[PDB]
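Only one chain is shown below, in C-alpha cells, and it's the form deposited without this ligand.
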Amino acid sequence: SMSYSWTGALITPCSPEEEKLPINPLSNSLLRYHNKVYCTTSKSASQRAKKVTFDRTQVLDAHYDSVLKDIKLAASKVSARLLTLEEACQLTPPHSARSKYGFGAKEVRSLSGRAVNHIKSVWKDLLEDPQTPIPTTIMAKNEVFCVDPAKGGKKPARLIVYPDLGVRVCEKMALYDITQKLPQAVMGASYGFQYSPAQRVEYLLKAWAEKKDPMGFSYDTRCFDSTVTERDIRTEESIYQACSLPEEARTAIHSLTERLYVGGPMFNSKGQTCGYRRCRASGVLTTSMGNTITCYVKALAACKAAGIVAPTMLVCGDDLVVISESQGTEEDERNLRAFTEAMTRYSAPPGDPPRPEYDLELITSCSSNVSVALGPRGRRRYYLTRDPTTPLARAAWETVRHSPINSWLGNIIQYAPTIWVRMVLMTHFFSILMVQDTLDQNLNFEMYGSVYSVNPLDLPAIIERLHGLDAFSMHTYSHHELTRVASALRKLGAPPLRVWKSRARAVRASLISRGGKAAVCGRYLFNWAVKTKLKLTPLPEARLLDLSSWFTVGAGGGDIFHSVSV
C-alpha cells in the first residue's frame, strides 16, 4: 500500500509564517550571518508530501517471528492501568492545539465543564465504536535550521498529523501508563528515553568497553513513519494487549488502533479533505513508543539475519545505534549490507547507508555523541554533546521571536557540561533575561520530544542534580570538540569564545549584584569565566529535586507535559 494518498488540496498554515531570520541587535549579538538561518514553512509542505509518499512491501521471516515472540512474552510481565480523566488532563501542555469543540488546553488543564463532558463523550464513543476512522489534521511544522549547501540548501517542512484535543486526552487515559512500563519490559537497557544524558553516556561507554573489538553503526531509515505498515501498527497493538490490562483499556486501545493508529482521513487547517494516511501518525501518543518498539523488533531480527555478533542497541524512536563485535573490516562491510537488506525487507529501507565506525566518539544517538574533558581533581569526565549549529540557529530565532515552547532552555539543560552551552548559550540567555527583566519566570521548552516547565533561576540545582557539580568545573575539552564548536561559530558569524568569556564575566557580575537565586546562577554557572575561582559546594536544593524518572515520564511522546519535581 501507499503510505499516503492525496486529494490535491494544499497543506495550509493557520497563523502567518516567516522563513527568514529577522535581523535585530539582541539576536545579532549571538550571530551575524542571519541569511544562513531559515525556518521551514507550509511553502515546502508539498515537497515533503512527495518524499513521504511511497509504496510499502513487507516480507517477514523466521528471524522476525522469533524476536516478536520474545517481545510478547516479555510484554506479558507488565501490568498497566487506566489513567483517570484528571491525570490525563494534567499531562496536557499549556499550548496544546485547541479542540474544534469549543475549548482549549487551558480548559483541559483546569478541568472545565465543557472540556470534561466532551472528553467523557469521546471516551464512551471509543468504547462503543471500534470502526469509524477518526479525523486528523495535517500541518507543516515550523522548525529552524542553518543552511547546509553540501546537502542541498534547505530542508522541507516536516509534516505533523494529529487528532482533536478530545481524542488526545483519551489516548493518555488508555495508553500513558503503558508508555511508562512497556518499553523497559521489552528492550530493557536498549530503551533510550529512560536515560538522562549522563545515563546515555554511561550506557554507550559500557556497551563499547564490553566488546573485545567494538564496531558501531547508526541506521537511518528513510522516512520511518511512512515505512510503518498497518500490520506493523496492529502488531504493536498485540504487544500492548499482551500486558495485563483492565477490560475497558483493552477496548479503548483496540478502537484507537483501528480508528486512529492504522490510518485515517487528513484535513487541512481550512477543513478541506487533504488525503488519507495508511502509516504512522507523526502526532499521536504512541508515535515514539510505537517507533521505538517496531524499530527494535526489526533491528534485532535484522542483526540475526545479518550475523551481527553480540549486538548492544540504543533505540530512541526511529533513531537506532548498534554496537557489536567486529568481524573484520570487509566482514563488517558485508554484514551491514545484509542488515540493510533485511531491514529493507521488513519495510525500513535506509536513507544514508550505515557505515562501520570504530571510534566511540563518532557514534551518534539522536545527533549526540560522547566526549571527554577533565573534572576539578584531574579525573576524566565523559559527557554528551552535539554539533551546536542547530541549537545556535534556534537560539538566535528565539531571541528575536518569542516561542511559547522554546528549544534553548532544553539545550542548556541537556548539554550543560558542554563548552558551547556554558560559554555561549548560558552567557547569551542570562544577559537577555536581565535585559528583559524576566529572570524569575517559568518557561516551557521541548526536551526529547515532550514539554517541560523550568524557572531559569533553578538551573544551578537542576544541572547539579542531572550532571553533578563537575558540570560547573569541566575544563581541558578535547580538540575534536573545540574544533567543531569554533567552526560552528565561524560558520554562523558568532563572536569567538574569547568574546563570550569577556561577556560572561560582566553577566556574572550583574547576576551576583542581584543577590538571591540570581547570584547563585552567577557564582555556579559562570565560575569558568573568572580568574580567581570560587569553591562551589553542593546545593541543598539539588538533593530535594527528584528528576530520577524525568526523562522516562516524557515517553519521547509529544503532547506530554511536566514541571520540575521538588
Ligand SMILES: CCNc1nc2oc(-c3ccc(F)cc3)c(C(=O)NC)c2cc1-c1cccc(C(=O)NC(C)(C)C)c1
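Each residue number is its position in the shown sequence, starting from 1.
One more form of this protein should be noted, the form solved in complex with this ligand, which is absent from this view; the next part is about it.
*Asks:* Site status for this ligand after superposition of its pose in the deposited bound form: open, or blocked by 3 or more ligand atoms within 2.4 Å of backbone or C-beta atoms?
*Replies:* After the site C-alphas are aligned, the pocket of the shown chain is blocked to the transferred ligand.
*Asks:* Do heavy atoms from each of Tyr195, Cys316 and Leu320 fall within 4.5 Å of this ligand in the deposited bound form?
*Replies:* Checked in the deposited bound form: all three residues contact this ligand.
*Asks:* Taking heavy atoms only, is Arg278 within 4.5 angstroms of this ligand in the deposited bound form?
*Replies:* Taking the distances in the deposited bound form, the answer for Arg278 is no, it never comes within 4.5 Å of this ligand.
*Asks:* Just checking whether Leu204 would be counted as a contact of this ligand in the deposited bound form - the rule being heavy atoms within 4.5 angstroms.
*Replies:* Flag for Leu204 set to yes.
*Asks:* So, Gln414 and this ligand: in the deposited bound form, are they within 4.5 Å at any heavy atom pair?
*Replies:* Yes, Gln414 sits close enough to this ligand in the deposited bound form that at least one of its heavy atoms falls within 4.5 Å.
*Asks:* Whether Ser365 contacts this ligand in the deposited bound form should be assessed with a 4.5 Å heavy atom distance threshold; does it?
*Replies:* Yes, contact at 4.5 Å.
*Asks:* Among 373-381, 355-363, 103-111, 250-258, which stretch has residues whose heavy atoms lie within 4.5 Å of this ligand in the deposited bound form?
*Replies:* Looking at the partner contacts, the answer comes out as 355-363.
*Asks:* Which one, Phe429, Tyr452, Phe472, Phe339, lies within 4.5 Å of this ligand in the deposited bound form by heavy atoms?
*Replies:* Exactly one listed residue reaches within 4.5 Å, namely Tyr452.
*Asks:* Taking this ligand in the deposited bound form as the reference, which of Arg345, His118, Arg465, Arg200 has a non-hydrogen atom within 4.5 Å?
*Replies:* Among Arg345, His118, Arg465, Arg200, a heavy atom within 4.5 Å of this ligand in the deposited bound form occurs only for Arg200.
*Asks:* Where, within 433-457, is there a heavy atom within 4.5 Å of this ligand in the deposited bound form? Residue list please.
*Replies:* Those in contact are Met447, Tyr448, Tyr452.
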